[PDB]
Each structure stands twice: as structure tokens, then as C-alpha cells.
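Participant: Residue numbers (the authors' numbering): 0 to 64. Handing you this structure, nothing more for now.
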Ligand SMILES: [Au+]
């Protein structure tokens, strides 16, 4: 259970693209996004660095929280 803040997750369709990116990397992951807090909560067997790397490549660099 890992959490990221994504400051760029504000535009139309951005939270969808975040979730879709993570589910494409790990189809068994659980992903919650909150537009009020720009927080993304992830349950996955991948590492936090693997998730962050994927988010970065997608244009949504996170900060782990
Ligand atoms: Au999910």
C-alpha cells in the first residue's frame, strides 16, 4: 500500500490516464485517485520505484508519500 502525490493530475482525463497506466503495468493492482488531494493510492506486488517510473514516463511524475 503505497501512496503518491501527483501535482500534474489535474487536466481533463488525467486521473483516468494515471489509473490506466498503472493497470496496464499490473492488471491486478488496486488504484484509487482523488482529485481533491492529487493523491494516488496503489496496492501492488511491484515496487514503488516501478510504479513511479511508469507514472514518470506517462508524464505524471509523482512524489512518494
Ligand atoms: Au483499481
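Cβ coordinates follow ideal geometry from the N, Cα and C atoms, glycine included.
Can you tell me the Cα-Cα spacing of residue 23 and residue 8, whole angstroms?
Facilitator: 18 Å
Participant: Quick check on this structure: which residue in 55, 47, 37 has the alpha carbon closest to the alpha carbon of residue 63?
Facilitator: 47
Participant: CB-CB under 8 Å to residue 1, same chain, minus the five flanking residues each way: which ones, in chain order?
Facilitator: 40, 41, 42, 43, 47, 50, 63
Participant: So, residue 18 versus residue 32, is the Cβ gap smaller than 8 Å?
Facilitator: Yes, these two residues count as a Cβ contact at 8 Å.
Participant: Can the beta-carbon of residue 20 be found less than 8 Å from the beta-carbon of residue 54?
Facilitator: It is a contact, given that the beta carbons lie within the stated cut-off.
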